[PDB]
$ cat input_10.cif   # mmCIF, N, CA and C atoms
data_model
#
loop_
_atom_site.group_PDB
_atom_site.id
_atom_site.type_symbol
_atom_site.label_atom_id
_atom_site.label_comp_id
_atom_site.auth_asym_id
_atom_site.auth_seq_id
_atom_site.Cartn_x
_atom_site.Cartn_y
_atom_site.Cartn_z
ATOM 1 N N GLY A 757 0.828 -1.238 0.000
ATOM 2 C CA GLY A 757 0.000 0.000 0.000
ATOM 3 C C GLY A 757 0.844 1.262 0.000
ATOM 4 N N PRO A 758 0.433 2.303 0.750
ATOM 5 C CA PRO A 758 1.175 3.565 0.819
ATOM 6 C C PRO A 758 2.508 3.412 1.544
ATOM 7 N N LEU A 759 2.639 2.330 2.307
ATOM 8 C CA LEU A 759 3.862 2.063 3.053
ATOM 9 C C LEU A 759 4.938 1.478 2.144
ATOM 10 N N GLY A 760 6.151 2.017 2.248
ATOM 11 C CA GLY A 760 7.251 1.537 1.430
ATOM 12 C C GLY A 760 7.092 1.904 -0.032
ATOM 13 N N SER A 761 6.976 3.199 -0.306
ATOM 14 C CA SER A 761 6.820 3.680 -1.674
ATOM 15 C C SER A 761 7.287 5.126 -1.798
ATOM 16 N N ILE A 762 7.521 5.562 -3.033
ATOM 17 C CA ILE A 762 7.974 6.924 -3.292
ATOM 18 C C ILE A 762 7.201 7.550 -4.450
ATOM 19 N N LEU A 763 6.684 8.754 -4.229
ATOM 20 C CA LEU A 763 5.928 9.458 -5.260
ATOM 21 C C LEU A 763 6.863 10.006 -6.333
ATOM 22 N N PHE A 764 6.802 9.417 -7.523
ATOM 23 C CA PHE A 764 7.647 9.846 -8.633
ATOM 24 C C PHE A 764 6.847 10.654 -9.652
ATOM 25 N N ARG A 765 7.361 11.830 -9.994
ATOM 26 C CA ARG A 765 6.705 12.705 -10.960
ATOM 27 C C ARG A 765 7.506 12.766 -12.257
ATOM 28 N N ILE A 766 6.829 12.557 -13.383
ATOM 29 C CA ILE A 766 7.490 12.586 -14.683
ATOM 30 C C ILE A 766 6.802 13.561 -15.631
ATOM 31 N N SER A 767 7.417 14.725 -15.822
ATOM 32 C CA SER A 767 6.867 15.743 -16.711
ATOM 33 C C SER A 767 7.163 15.401 -18.167
ATOM 34 N N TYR A 768 6.467 14.391 -18.682
ATOM 35 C CA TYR A 768 6.650 13.954 -20.062
ATOM 36 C C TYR A 768 6.304 15.073 -21.041
ATOM 37 N N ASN A 769 7.317 15.567 -21.747
ATOM 38 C CA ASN A 769 7.122 16.635 -22.721
ATOM 39 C C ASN A 769 6.942 16.066 -24.124
ATOM 40 N N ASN A 770 6.271 16.826 -24.984
ATOM 41 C CA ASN A 770 6.031 16.400 -26.358
ATOM 42 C C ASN A 770 7.236 16.704 -27.243
ATOM 43 N N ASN A 771 7.561 17.986 -27.369
ATOM 44 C CA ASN A 771 8.691 18.411 -28.186
ATOM 45 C C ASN A 771 9.401 19.603 -27.554
ATOM 46 N N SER A 772 8.947 19.994 -26.367
ATOM 47 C CA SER A 772 9.534 21.121 -25.648
ATOM 48 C C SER A 772 9.497 22.390 -26.495
ATOM 49 N N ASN A 773 8.393 23.127 -26.400
ATOM 50 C CA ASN A 773 8.231 24.363 -27.156
ATOM 51 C C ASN A 773 7.302 25.332 -26.429
ATOM 52 N N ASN A 774 6.844 26.355 -27.144
ATOM 53 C CA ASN A 774 5.949 27.351 -26.568
ATOM 54 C C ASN A 774 4.596 26.735 -26.222
ATOM 55 N N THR A 775 4.332 25.553 -26.771
ATOM 56 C CA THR A 775 3.076 24.856 -26.522
ATOM 57 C C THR A 775 3.216 23.359 -26.778
ATOM 58 N N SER A 776 2.910 22.559 -25.760
ATOM 59 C CA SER A 776 3.004 21.107 -25.875
ATOM 60 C C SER A 776 2.185 20.419 -24.786
ATOM 61 N N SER A 777 1.818 21.180 -23.758
ATOM 62 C CA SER A 777 1.033 20.647 -22.647
ATOM 63 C C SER A 777 1.731 19.450 -22.008
ATOM 64 N N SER A 778 2.637 19.728 -21.078
ATOM 65 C CA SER A 778 3.376 18.677 -20.391
ATOM 66 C C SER A 778 2.465 17.891 -19.455
ATOM 67 N N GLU A 779 2.735 16.598 -19.324
ATOM 68 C CA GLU A 779 1.943 15.731 -18.459
ATOM 69 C C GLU A 779 2.824 15.078 -17.400
ATOM 70 N N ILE A 780 2.465 15.273 -16.136
ATOM 71 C CA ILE A 780 3.226 14.705 -15.031
ATOM 72 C C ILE A 780 2.497 13.522 -14.406
ATOM 73 N N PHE A 781 3.075 12.333 -14.556
ATOM 74 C CA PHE A 781 2.484 11.120 -14.004
ATOM 75 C C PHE A 781 2.991 10.869 -12.588
ATOM 76 N N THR A 782 2.167 10.216 -11.776
ATOM 77 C CA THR A 782 2.535 9.917 -10.397
ATOM 78 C C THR A 782 2.416 8.425 -10.103
ATOM 79 N N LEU A 783 3.561 7.759 -9.965
ATOM 80 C CA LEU A 783 3.584 6.329 -9.678
ATOM 81 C C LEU A 783 4.360 6.048 -8.396
ATOM 82 N N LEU A 784 3.895 5.064 -7.632
ATOM 83 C CA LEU A 784 4.543 4.702 -6.376
ATOM 84 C C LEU A 784 5.716 3.757 -6.610
ATOM 85 N N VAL A 785 6.923 4.312 -6.598
ATOM 86 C CA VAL A 785 8.134 3.525 -6.801
ATOM 87 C C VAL A 785 8.530 2.799 -5.521
ATOM 88 N N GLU A 786 8.558 1.472 -5.580
ATOM 89 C CA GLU A 786 8.919 0.661 -4.423
ATOM 90 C C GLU A 786 10.404 0.793 -4.103
ATOM 91 N N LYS A 787 10.778 0.399 -2.888
ATOM 92 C CA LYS A 787 12.167 0.470 -2.453
ATOM 93 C C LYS A 787 12.912 -0.810 -2.817
ATOM 94 N N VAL A 788 12.162 -1.819 -3.251
ATOM 95 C CA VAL A 788 12.745 -3.099 -3.635
ATOM 96 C C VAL A 788 12.987 -3.157 -5.139
ATOM 97 N N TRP A 789 12.977 -1.991 -5.777
ATOM 98 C CA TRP A 789 13.190 -1.901 -7.216
ATOM 99 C C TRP A 789 14.646 -1.588 -7.537
ATOM 100 N N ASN A 790 14.931 -1.406 -8.823
ATOM 101 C CA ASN A 790 16.281 -1.093 -9.277
ATOM 102 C C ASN A 790 16.243 0.008 -10.331
ATOM 103 N N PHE A 791 17.405 0.341 -10.882
ATOM 104 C CA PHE A 791 17.494 1.377 -11.902
ATOM 105 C C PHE A 791 16.734 0.961 -13.158
ATOM 106 N N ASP A 792 16.890 -0.301 -13.546
ATOM 107 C CA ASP A 792 16.219 -0.827 -14.729
ATOM 108 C C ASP A 792 14.716 -0.942 -14.497
ATOM 109 N N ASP A 793 14.337 -1.445 -13.328
ATOM 110 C CA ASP A 793 12.929 -1.604 -12.986
ATOM 111 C C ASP A 793 12.243 -0.245 -12.876
ATOM 112 N N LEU A 794 13.030 0.783 -12.573
ATOM 113 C CA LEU A 794 12.503 2.136 -12.442
ATOM 114 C C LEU A 794 12.180 2.728 -13.812
ATOM 115 N N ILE A 795 13.166 2.707 -14.705
ATOM 116 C CA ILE A 795 12.989 3.239 -16.051
ATOM 117 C C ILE A 795 11.927 2.459 -16.818
ATOM 118 N N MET A 796 11.714 1.210 -16.416
ATOM 119 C CA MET A 796 10.725 0.357 -17.064
ATOM 120 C C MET A 796 9.311 0.795 -16.696
ATOM 121 N N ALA A 797 9.112 1.131 -15.425
ATOM 122 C CA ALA A 797 7.806 1.570 -14.947
ATOM 123 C C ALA A 797 7.378 2.860 -15.638
ATOM 124 N N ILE A 798 8.340 3.751 -15.856
ATOM 125 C CA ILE A 798 8.069 5.029 -16.507
ATOM 126 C C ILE A 798 7.618 4.827 -17.948
ATOM 127 N N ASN A 799 8.263 3.891 -18.639
ATOM 128 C CA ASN A 799 7.932 3.600 -20.030
ATOM 129 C C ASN A 799 6.465 3.205 -20.170
ATOM 130 N N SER A 800 6.027 2.274 -19.328
ATOM 131 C CA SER A 800 4.644 1.810 -19.355
ATOM 132 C C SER A 800 3.682 2.954 -19.055
ATOM 133 N N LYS A 801 4.145 3.917 -18.263
ATOM 134 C CA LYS A 801 3.327 5.067 -17.899
ATOM 135 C C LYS A 801 3.015 5.921 -19.123
ATOM 136 N N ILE A 802 3.972 5.999 -20.042
ATOM 137 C CA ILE A 802 3.799 6.780 -21.262
ATOM 138 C C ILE A 802 2.837 6.089 -22.221
ATOM 139 N N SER A 803 2.855 4.761 -22.216
ATOM 140 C CA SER A 803 1.980 3.980 -23.084
ATOM 141 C C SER A 803 0.630 3.740 -22.417
ATOM 142 N N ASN A 804 0.556 4.037 -21.124
ATOM 143 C CA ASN A 804 -0.676 3.851 -20.366
ATOM 144 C C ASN A 804 -1.715 4.905 -20.741
ATOM 145 N N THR A 805 -1.245 6.108 -21.055
ATOM 146 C CA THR A 805 -2.134 7.202 -21.432
ATOM 147 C C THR A 805 -2.098 7.449 -22.937
ATOM 148 N N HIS A 806 -0.892 7.521 -23.491
ATOM 149 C CA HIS A 806 -0.722 7.752 -24.922
ATOM 150 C C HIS A 806 -0.875 6.450 -25.701
ATOM 151 N N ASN A 807 -1.828 6.425 -26.626
ATOM 152 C CA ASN A 807 -2.073 5.237 -27.436
ATOM 153 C C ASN A 807 -0.891 4.955 -28.359
ATOM 154 N N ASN A 808 -0.189 6.013 -28.753
ATOM 155 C CA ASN A 808 0.964 5.881 -29.636
ATOM 156 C C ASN A 808 2.143 5.245 -28.906
ATOM 157 N N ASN A 809 3.249 5.071 -29.622
ATOM 158 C CA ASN A 809 4.450 4.475 -29.046
ATOM 159 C C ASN A 809 5.688 5.297 -29.391
ATOM 160 N N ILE A 810 6.084 6.176 -28.476
ATOM 161 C CA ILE A 810 7.252 7.024 -28.686
ATOM 162 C C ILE A 810 8.543 6.247 -28.451
ATOM 163 N N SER A 811 9.674 6.918 -28.653
ATOM 164 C CA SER A 811 10.977 6.292 -28.463
ATOM 165 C C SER A 811 11.175 5.884 -27.005
ATOM 166 N N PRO A 812 11.791 4.711 -26.763
ATOM 167 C CA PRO A 812 12.036 4.218 -25.404
ATOM 168 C C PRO A 812 12.990 5.117 -24.628
ATOM 169 N N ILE A 813 12.499 5.686 -23.531
ATOM 170 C CA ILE A 813 13.308 6.569 -22.700
ATOM 171 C C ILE A 813 14.287 5.774 -21.843
ATOM 172 N N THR A 814 15.492 6.312 -21.675
ATOM 173 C CA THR A 814 16.520 5.651 -20.879
ATOM 174 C C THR A 814 17.366 6.664 -20.116
ATOM 175 N N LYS A 815 16.910 7.912 -20.088
ATOM 176 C CA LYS A 815 17.631 8.972 -19.389
ATOM 177 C C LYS A 815 16.664 9.950 -18.731
ATOM 178 N N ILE A 816 16.756 10.062 -17.408
ATOM 179 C CA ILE A 816 15.894 10.963 -16.652
ATOM 180 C C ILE A 816 16.683 11.690 -15.567
ATOM 181 N N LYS A 817 16.275 12.918 -15.263
ATOM 182 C CA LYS A 817 16.951 13.713 -14.241
ATOM 183 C C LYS A 817 16.057 13.908 -13.020
ATOM 184 N N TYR A 818 16.600 13.617 -11.841
ATOM 185 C CA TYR A 818 15.851 13.760 -10.597
ATOM 186 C C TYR A 818 16.273 15.022 -9.850
ATOM 187 N N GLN A 819 15.404 15.496 -8.963
ATOM 188 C CA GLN A 819 15.686 16.697 -8.185
ATOM 189 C C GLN A 819 16.490 16.364 -6.933
ATOM 190 N N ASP A 820 17.578 17.099 -6.720
ATOM 191 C CA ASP A 820 18.434 16.884 -5.558
ATOM 192 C C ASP A 820 17.995 17.760 -4.387
ATOM 193 N N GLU A 821 18.899 17.966 -3.431
ATOM 194 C CA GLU A 821 18.601 18.777 -2.256
ATOM 195 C C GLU A 821 18.630 20.267 -2.592
ATOM 196 N N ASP A 822 19.398 20.627 -3.613
ATOM 197 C CA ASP A 822 19.511 22.022 -4.029
ATOM 198 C C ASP A 822 18.315 22.439 -4.879
ATOM 199 N N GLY A 823 17.776 21.493 -5.642
ATOM 200 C CA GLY A 823 16.635 21.782 -6.489
ATOM 201 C C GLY A 823 16.965 21.674 -7.965
ATOM 202 N N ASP A 824 18.225 21.370 -8.265
ATOM 203 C CA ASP A 824 18.672 21.233 -9.647
ATOM 204 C C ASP A 824 18.453 19.811 -10.152
ATOM 205 N N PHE A 825 18.298 19.671 -11.465
ATOM 206 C CA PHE A 825 18.083 18.364 -12.074
ATOM 207 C C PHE A 825 19.413 17.668 -12.344
ATOM 208 N N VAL A 826 19.660 16.575 -11.626
ATOM 209 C CA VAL A 826 20.896 15.816 -11.788
ATOM 210 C C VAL A 826 20.662 14.565 -12.629
ATOM 211 N N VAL A 827 21.621 14.256 -13.499
ATOM 212 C CA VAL A 827 21.519 13.090 -14.370
ATOM 213 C C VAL A 827 21.447 11.795 -13.566
ATOM 214 N N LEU A 828 20.706 10.823 -14.093
ATOM 215 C CA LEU A 828 20.552 9.530 -13.436
ATOM 216 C C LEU A 828 20.529 8.404 -14.466
ATOM 217 N N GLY A 829 21.692 7.810 -14.714
ATOM 218 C CA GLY A 829 21.782 6.730 -15.679
ATOM 219 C C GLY A 829 22.610 5.565 -15.173
ATOM 220 N N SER A 830 22.885 5.556 -13.874
ATOM 221 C CA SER A 830 23.673 4.489 -13.267
ATOM 222 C C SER A 830 22.919 3.852 -12.104
ATOM 223 N N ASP A 831 23.329 2.642 -11.735
ATOM 224 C CA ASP A 831 22.694 1.921 -10.637
ATOM 225 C C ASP A 831 22.977 2.604 -9.304
ATOM 226 N N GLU A 832 24.235 2.981 -9.098
ATOM 227 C CA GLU A 832 24.644 3.644 -7.867
ATOM 228 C C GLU A 832 23.910 4.970 -7.690
ATOM 229 N N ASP A 833 23.558 5.598 -8.808
ATOM 230 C CA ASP A 833 22.847 6.872 -8.774
ATOM 231 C C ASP A 833 21.471 6.702 -8.141
ATOM 232 N N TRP A 834 20.878 5.529 -8.338
ATOM 233 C CA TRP A 834 19.562 5.231 -7.785
ATOM 234 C C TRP A 834 19.657 4.959 -6.287
ATOM 235 N N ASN A 835 20.726 4.279 -5.881
ATOM 236 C CA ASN A 835 20.937 3.956 -4.476
ATOM 237 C C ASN A 835 21.061 5.227 -3.645
ATOM 238 N N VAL A 836 21.836 6.182 -4.150
ATOM 239 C CA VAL A 836 22.036 7.449 -3.457
ATOM 240 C C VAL A 836 20.743 8.255 -3.415
ATOM 241 N N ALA A 837 19.937 8.127 -4.467
ATOM 242 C CA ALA A 837 18.668 8.841 -4.546
ATOM 243 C C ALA A 837 17.772 8.478 -3.367
ATOM 244 N N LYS A 838 17.780 7.200 -2.995
ATOM 245 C CA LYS A 838 16.977 6.726 -1.876
ATOM 246 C C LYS A 838 17.517 7.277 -0.561
ATOM 247 N N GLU A 839 18.841 7.295 -0.435
ATOM 248 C CA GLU A 839 19.490 7.803 0.767
ATOM 249 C C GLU A 839 19.292 9.310 0.886
ATOM 250 N N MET A 840 18.972 9.944 -0.239
ATOM 251 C CA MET A 840 18.748 11.384 -0.271
ATOM 252 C C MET A 840 17.428 11.736 0.406
ATOM 253 N N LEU A 841 16.356 11.085 -0.036
ATOM 254 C CA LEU A 841 15.030 11.320 0.526
ATOM 255 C C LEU A 841 14.925 10.727 1.926
ATOM 256 N N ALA A 842 15.813 9.785 2.230
ATOM 257 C CA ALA A 842 15.825 9.134 3.534
ATOM 258 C C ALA A 842 16.229 10.110 4.633
ATOM 259 N N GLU A 843 17.368 10.767 4.443
ATOM 260 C CA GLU A 843 17.872 11.730 5.416
ATOM 261 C C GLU A 843 17.044 13.011 5.392
ATOM 262 N N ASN A 844 16.577 13.384 4.205
ATOM 263 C CA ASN A 844 15.774 14.589 4.043
ATOM 264 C C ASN A 844 14.330 14.342 4.468
ATOM 265 N N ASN A 845 14.038 13.102 4.853
ATOM 266 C CA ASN A 845 12.696 12.725 5.284
ATOM 267 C C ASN A 845 11.670 13.024 4.195
ATOM 268 N N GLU A 846 12.144 13.114 2.954
ATOM 269 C CA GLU A 846 11.275 13.396 1.819
ATOM 270 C C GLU A 846 10.307 12.244 1.568
ATOM 271 N N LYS A 847 9.586 12.322 0.454
ATOM 272 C CA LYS A 847 8.623 11.290 0.086
ATOM 273 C C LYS A 847 8.346 11.310 -1.414
ATOM 274 N N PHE A 848 8.493 12.484 -2.024
ATOM 275 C CA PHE A 848 8.261 12.637 -3.456
ATOM 276 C C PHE A 848 9.541 13.063 -4.170
ATOM 277 N N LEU A 849 9.478 13.140 -5.497
ATOM 278 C CA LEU A 849 10.635 13.535 -6.293
ATOM 279 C C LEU A 849 10.206 14.051 -7.663
ATOM 280 N N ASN A 850 10.891 15.087 -8.138
ATOM 281 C CA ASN A 850 10.586 15.677 -9.436
ATOM 282 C C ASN A 850 11.570 15.198 -10.497
ATOM 283 N N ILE A 851 11.045 14.569 -11.543
ATOM 284 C CA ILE A 851 11.877 14.062 -12.628
ATOM 285 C C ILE A 851 11.526 14.733 -13.950
ATOM 286 N N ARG A 852 12.534 14.928 -14.792
ATOM 287 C CA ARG A 852 12.333 15.559 -16.091
ATOM 288 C C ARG A 852 12.629 14.582 -17.222
ATOM 289 N N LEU A 853 11.827 14.653 -18.281
ATOM 290 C CA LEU A 853 11.998 13.780 -19.438
ATOM 291 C C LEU A 853 12.843 14.464 -20.508
ATOM 292 N N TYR A 854 13.672 13.683 -21.193
ATOM 293 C CA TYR A 854 14.536 14.219 -22.238
ATOM 294 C C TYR A 854 14.495 13.347 -23.488
#
$ encode --input "input_10.cif" --output "structure tokens"
Amino acid sequence: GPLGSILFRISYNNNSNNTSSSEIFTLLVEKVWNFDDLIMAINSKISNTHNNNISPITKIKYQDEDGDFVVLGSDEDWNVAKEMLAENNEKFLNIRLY
């Protein structure tokens, strides 16, 4: 249930312009997941709403303690991400699509 999960936000952009209407999905990312299992959940989220099939995403940036978007393409990067919200007592996270 709500226990043992993290609110992940993905501002899926169309083409990034003056008009595209960005969509932010909210999925509960478990703590027993991995970097691959994470990027996989996001992919299904894009196909869950959009009937079409865009290019498979494999690069996303998460929000750190400063508020800047840091690259996340490694396994260790995911481990630290959990330790980040752990000490910060956080619960959610802002991610950007590229």
$ resolve_selection --input "input_10.cif" --expression "the PyMOL selection byres ((chain A and resi 806-823) around 8)" --output "count of residues only"
24
$ residues_around --input "input_10.cif" --residues "residue 761 (chain A)" --least-positions-apart "3" --cutoff "7 Å" --atoms "only N, CA and C atoms" --output "mmCIF file with N, CA and C atoms, in the coordinates of the input"
data_model
loop_
_atom_site.group_PDB
_atom_site.id
_atom_site.type_symbol
_atom_site.label_atom_id
_atom_site.label_comp_id
_atom_site.auth_asym_id
_atom_site.auth_seq_id
_atom_site.Cartn_x
_atom_site.Cartn_y
_atom_site.Cartn_z
ATOM 1 N N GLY A 757 0.828 -1.238 0.000
ATOM 2 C CA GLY A 757 0.000 0.000 0.000
ATOM 3 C C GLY A 757 0.844 1.262 0.000
ATOM 4 N N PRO A 758 0.433 2.303 0.750
ATOM 5 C CA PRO A 758 1.175 3.565 0.819
ATOM 6 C C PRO A 758 2.508 3.412 1.544
ATOM 7 N N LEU A 784 3.895 5.064 -7.632
ATOM 8 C CA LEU A 784 4.543 4.702 -6.376
ATOM 9 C C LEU A 784 5.716 3.757 -6.610
ATOM 10 N N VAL A 785 6.923 4.312 -6.598
ATOM 11 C CA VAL A 785 8.134 3.525 -6.801
ATOM 12 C C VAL A 785 8.530 2.799 -5.521
ATOM 13 N N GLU A 786 8.558 1.472 -5.580
ATOM 14 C CA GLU A 786 8.919 0.661 -4.423
ATOM 15 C C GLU A 786 10.404 0.793 -4.103
ATOM 16 N N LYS A 787 10.778 0.399 -2.888
ATOM 17 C CA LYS A 787 12.167 0.470 -2.453
ATOM 18 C C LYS A 787 12.912 -0.810 -2.817
ATOM 19 N N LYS A 847 9.586 12.322 0.454
ATOM 20 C CA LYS A 847 8.623 11.290 0.086
ATOM 21 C C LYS A 847 8.346 11.310 -1.414
#
$ closest_residue --input "input_10.cif" --among "A:830, A:843, A:836, A:766" --to "residue 778 (chain A)" --atoms "only N, CA and C atoms"
A:766
$ select_by_dssp --input "input_10.cif" --residues "region 762-846 of chain A" --states "alpha helix (DSSP H)" --output "ChimeraX atom specification"
/A:791-805,831-843
$ closest_residue --input "input_10.cif" --among "A:797, A:762, A:768, A:839" --to "residue 780 (chain A)" --atoms "all atoms listed in the file"
A:768
$ atom_distance --input "input_10.cif" --atom1 "atom N of residue 779 (chain A)" --atom2 "CA of residue 832 (chain A)"
27.9 Å
$ residues_around --input "input_10.cif" --residues "residue 788 (chain A)" --least-positions-apart "6" --cutoff "12 Å" --atoms "only C-alpha atoms" --output "number ranges by chain"
A: 760-762, 794, 834-835, 838
$ atom_distance --input "input_10.cif" --atom1 "CA of residue 782 (chain A)" --atom2 "CA of residue 767 (chain A)"
9.6 Å
$ atom_distance --input "input_10.cif" --atom1 "CA of residue 776 (chain A)" --atom2 "CA of residue 764 (chain A)"
21.1 Å
$ select_by_dssp --input "input_10.cif" --residues "region 772-836 of chain A" --states "strand (DSSP E or B)" --output "VMD selection string"
chain A and resid 779 to 785 816 to 819 825 to 828
$ decode --input "input_10.cif" --residues "region 767-788 of chain A" --atoms "N, CA and C atoms" --output "PDB file, in the first residue's frame"
ATOM      1  N   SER A 767       7.417  14.725 -15.822  1.00  0.00           N
ATOM      2  CA  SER A 767       6.867  15.743 -16.711  1.00  0.00           C
ATOM      3  C   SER A 767       7.163  15.401 -18.167  1.00  0.00           C
ATOM      4  N   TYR A 768       6.467  14.391 -18.682  1.00  0.00           N
ATOM      5  CA  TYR A 768       6.650  13.954 -20.062  1.00  0.00           C
ATOM      6  C   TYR A 768       6.304  15.073 -21.041  1.00  0.00           C
ATOM      7  N   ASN A 769       7.317  15.567 -21.747  1.00  0.00           N
ATOM      8  CA  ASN A 769       7.122  16.635 -22.721  1.00  0.00           C
ATOM      9  C   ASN A 769       6.942  16.066 -24.124  1.00  0.00           C
ATOM     10  N   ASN A 770       6.271  16.826 -24.984  1.00  0.00           N
ATOM     11  CA  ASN A 770       6.031  16.400 -26.358  1.00  0.00           C
ATOM     12  C   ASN A 770       7.236  16.704 -27.243  1.00  0.00           C
ATOM     13  N   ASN A 771       7.561  17.986 -27.369  1.00  0.00           N
ATOM     14  CA  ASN A 771       8.691  18.411 -28.186  1.00  0.00           C
ATOM     15  C   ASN A 771       9.401  19.603 -27.554  1.00  0.00           C
ATOM     16  N   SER A 772       8.947  19.994 -26.367  1.00  0.00           N
ATOM     17  CA  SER A 772       9.534  21.121 -25.648  1.00  0.00           C
ATOM     18  C   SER A 772       9.497  22.390 -26.495  1.00  0.00           C
ATOM     19  N   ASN A 773       8.393  23.127 -26.400  1.00  0.00           N
ATOM     20  CA  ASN A 773       8.231  24.363 -27.156  1.00  0.00           C
ATOM     21  C   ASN A 773       7.302  25.332 -26.429  1.00  0.00           C
ATOM     22  N   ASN A 774       6.844  26.355 -27.144  1.00  0.00           N
ATOM     23  CA  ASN A 774       5.949  27.351 -26.568  1.00  0.00           C
ATOM     24  C   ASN A 774       4.596  26.735 -26.222  1.00  0.00           C
ATOM     25  N   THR A 775       4.332  25.553 -26.771  1.00  0.00           N
ATOM     26  CA  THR A 775       3.076  24.856 -26.522  1.00  0.00           C
ATOM     27  C   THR A 775       3.216  23.359 -26.778  1.00  0.00           C
ATOM     28  N   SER A 776       2.910  22.559 -25.760  1.00  0.00           N
ATOM     29  CA  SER A 776       3.004  21.107 -25.875  1.00  0.00           C
ATOM     30  C   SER A 776       2.185  20.419 -24.786  1.00  0.00           C
ATOM     31  N   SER A 777       1.818  21.180 -23.758  1.00  0.00           N
ATOM     32  CA  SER A 777       1.033  20.647 -22.647  1.00  0.00           C
ATOM     33  C   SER A 777       1.731  19.450 -22.008  1.00  0.00           C
ATOM     34  N   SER A 778       2.637  19.728 -21.078  1.00  0.00           N
ATOM     35  CA  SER A 778       3.376  18.677 -20.391  1.00  0.00           C
ATOM     36  C   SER A 778       2.465  17.891 -19.455  1.00  0.00           C
ATOM     37  N   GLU A 779       2.735  16.598 -19.324  1.00  0.00           N
ATOM     38  CA  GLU A 779       1.943  15.731 -18.459  1.00  0.00           C
ATOM     39  C   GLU A 779       2.824  15.078 -17.400  1.00  0.00           C
ATOM     40  N   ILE A 780       2.465  15.273 -16.136  1.00  0.00           N
ATOM     41  CA  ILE A 780       3.226  14.705 -15.031  1.00  0.00           C
ATOM     42  C   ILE A 780       2.497  13.522 -14.406  1.00  0.00           C
ATOM     43  N   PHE A 781       3.075  12.333 -14.556  1.00  0.00           N
ATOM     44  CA  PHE A 781       2.484  11.120 -14.004  1.00  0.00           C
ATOM     45  C   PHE A 781       2.991  10.869 -12.588  1.00  0.00           C
ATOM     46  N   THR A 782       2.167  10.216 -11.776  1.00  0.00           N
ATOM     47  CA  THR A 782       2.535   9.917 -10.397  1.00  0.00           C
ATOM     48  C   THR A 782       2.416   8.425 -10.103  1.00  0.00           C
ATOM     49  N   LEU A 783       3.561   7.759  -9.965  1.00  0.00           N
ATOM     50  CA  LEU A 783       3.584   6.329  -9.678  1.00  0.00           C
ATOM     51  C   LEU A 783       4.360   6.048  -8.396  1.00  0.00           C
ATOM     52  N   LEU A 784       3.895   5.064  -7.632  1.00  0.00           N
ATOM     53  CA  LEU A 784       4.543   4.702  -6.376  1.00  0.00           C
ATOM     54  C   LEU A 784       5.716   3.757  -6.610  1.00  0.00           C
ATOM     55  N   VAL A 785       6.923   4.312  -6.598  1.00  0.00           N
ATOM     56  CA  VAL A 785       8.134   3.525  -6.801  1.00  0.00           C
ATOM     57  C   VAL A 785       8.530   2.799  -5.521  1.00  0.00           C
ATOM     58  N   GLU A 786       8.558   1.472  -5.580  1.00  0.00           N
ATOM     59  CA  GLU A 786       8.919   0.661  -4.423  1.00  0.00           C
ATOM     60  C   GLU A 786      10.404   0.793  -4.103  1.00  0.00           C
ATOM     61  N   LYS A 787      10.778   0.399  -2.888  1.00  0.00           N
ATOM     62  CA  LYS A 787      12.167   0.470  -2.453  1.00  0.00           C
ATOM     63  C   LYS A 787      12.912  -0.810  -2.817  1.00  0.00           C
ATOM     64  N   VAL A 788      12.162  -1.819  -3.251  1.00  0.00           N
ATOM     65  CA  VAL A 788      12.745  -3.099  -3.635  1.00  0.00           C
ATOM     66  C   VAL A 788      12.987  -3.157  -5.139  1.00  0.00           C
TER      67      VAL A 788
END
